[PDB]
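**Q** sequence-free structure coming up:
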Ligand SMILES: [Ca+2]
Ligand SMILES: [Ca+2]
Ligand code: NA
Ligand code: NA
Ligand code: NA
Ligand code: NA
């Protein structure tokens, strides 16, 4: 039985005041530790949101992280910086970064190692595009993404890995995967872990669903055997809709 | 006579305490407004450094900025966010982002427009690699970089542009361009502005030198007719070395 995991990806949204308010409202609403809950503000607000999360079970996370630990990497944010702001997690490989910004598997694999080595936990994002789906390539893509990102990880390092399945066709489109479609993808990802990394790792690693998650569809998704929670996009920007999803994971 | 411009690029360095201390020490040392001075902390420390710069002439800047104004761009930081932290400037096209991260001219051109439209001023970084230099391609590169980044800018928008020439061979290598080499590059860049954008823009736009600038070499660089200041890397991490360069631009 995997502890459920509900993460709120605020993306490139919120003013400083809105960030503080959203963080504080989510913190106040998370009144037990039965579900792992984390929120992911944009970099400039991390120390401010970290402050309002103090005294609550809610973790702080960053939306990206450098592949390097320090130094001459203009514009990049290091694991050390994120840890100092209060982060426990970093998202790596989000579809917007893979497909719009253009991050490679080499870069993603380096980020995973660097984040873990420095003491962060990692939410590794993966998933297929509409074009890939329509050509039945989703299993090829899932295998490439999972095995490339995890290349070189120790068994122990997997203890700090969460995988987020986000079909790209489901992001910001209002077209959620049916729970049955989500379940099929999660089951395949778990099988890929099992065949290469073994039963303990496959059965212990949370695989969470991302993509057009809303309070109206979360129950069906949450009930699926290989779905361990949610990576929430737009619905994470309102505290009540985010908390509704958290409470559904309980 | 162009007002000189001295910018401190802290890159992926400093703890929160160190950032506050460095900002405060630079602020205290800048006791007139004869030189435009700006410091560029990593994103998470921007509000903290903005605070310690209050009441001084020193401006705040960011090391990068999104090409988009808001929304579903995980990991990206918007002009609106930067402005709220107190930023007046954003660096765009730094060599580490062009060559290590992999930012394209399309992305850079979009960033320049987006930053300017939202109210930021822009430090556009450009410059050639060792391979390009050795093959005498530097003028081809300078033209491509300047004309691609500025494509579509209005004459009025140029009022908020600074160009930084950083030869890539000079970054972090301890091999500064001789002042005469810097001057040749700056003169060529200014000619490219003149031939396409006219005399007013060419003669008014600050072109600053970046790359292994140190208090020991700044005077020779500062004296060159087409050098209008410095984009300072490693030397910006100590307040006294940074201030020495600021005072030399006076
Ligand atoms: Ca096993
Ligand atoms: Ca003219
Ligand atoms: Na890379
Ligand atoms: Na998301
Ligand atoms: Na792009
Ligand atoms: Na620099």
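**A** Perfect, thanks for sending it. Numbers count the residues shown, from 1 in each chain, chains lettered A, B, ... in the order given. Ligands and ions are numbered 1, 2, ... in the order given.
**Q** contact partners for residue A:229?
**A** Going by Cβ atoms under 8 Å, 6 or more residues apart in numbering or on different chains, residue A:229 touches A:4, A:5, A:6, A:7, A:35, A:36, A:206, A:208, A:209, A:222, A:249. The C-beta positions use only the backbone N, C-alpha and C, and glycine is treated the same way.
**Q** same list (the residues you listed) but as CSV, adding secondary structure and distance to ligand 1.
**A** CSV is the format used below for these (DSSP: H, G, I helix; E, B strand; the rest coil; distance: Cβ to the ion, whole Å):
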residue, secondary structure, distance to ligand 1
A:4, coil, 23
A:5, strand, 22
A:6, strand, 27
A:7, strand, 27
A:35, coil, 26
A:36, strand, 23
A:206, coil, 17
A:208, strand, 22
A:209, strand, 25
A:222, helix, 27
A:249, coil, 27
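**Q** out of those, which end up buried?
**A** Buried subset of the contacts of residue A:229 (neighbour count, 16 or more other Cβ atoms under 10 Å in any protein chain shown): A:4, A:5, A:6, A:7, A:35, A:36, A:206, A:208, A:209, A:222, A:249.
**Q** which of the residues you listed come close to ligand 4?
**A** Among the buried ones among the contacts of residue A:229, no residue lies close to ligand 4 (Cβ under 5 Å from the ion).
**Q** looking at the residues you listed, which is nearest ligand 2?
**A** Taking Cβ to the ion as the measure, ligand 2 lies nearest residue A:7 of the buried ones among the contacts of residue A:229, at 53.9 Å.
**Q** contacts for stretch A:133-144 next, please.
**A** For stretch A:133-144, the external contacting residues (Cβ under 8 Å, 6+ apart) are A:105, A:126, A:127, A:128, A:132, A:167, A:169, A:185, A:188, A:189, A:192.
**Q** so who does the third one touch?
**A** This means residue A:127. Counting by Cβ under 8 Å, 6+ apart, residue A:127 makes contact with A:95, A:141, A:142, A:145, A:165, A:166, A:167, A:168, A:185, A:210, A:211.
**Q** one more: the first one?
**A** Contacts for residue A:105 were tallied using Cβ under 8 Å, 6+ apart; they are A:144, A:145, A:148, A:149.
**Q** what strand or helix carries the residue nearest the centre of chain A?
**A** Central residue of chain A (Cα atoms, centre = their mean): residue A:123, 4.1 Å from the mean position. Residue A:123 is located in strand A:121-126, with elements delineated by DSSP states H and E.
**Q** can you name the next helix or strand after that strand?
**A** Using DSSP H and E, the helix or strand that follows strand A:121-126 in sequence is helix A:130-134.
**Q** and that next one, which residues are buried?
**A** A:132, A:133.
**Q** please, where are all the strands along chain A?
**A** Here chain A has its strands, by DSSP state E, at A:5-9, A:36-40, A:59-62, A:87-92, A:121-126, A:161-165, A:207-210, A:229-232.
**Q** could I get the buried residue list for the helix of greatest length in chain A?
**A** Using DSSP state H, we find that the single longest helix of chain A is helix A:179-197. With burial defined by 16+ other Cβ under 10 Å, the residues of helix A:179-197 counted as buried are A:179, A:181-186, A:188-190, A:192-193, A:197.
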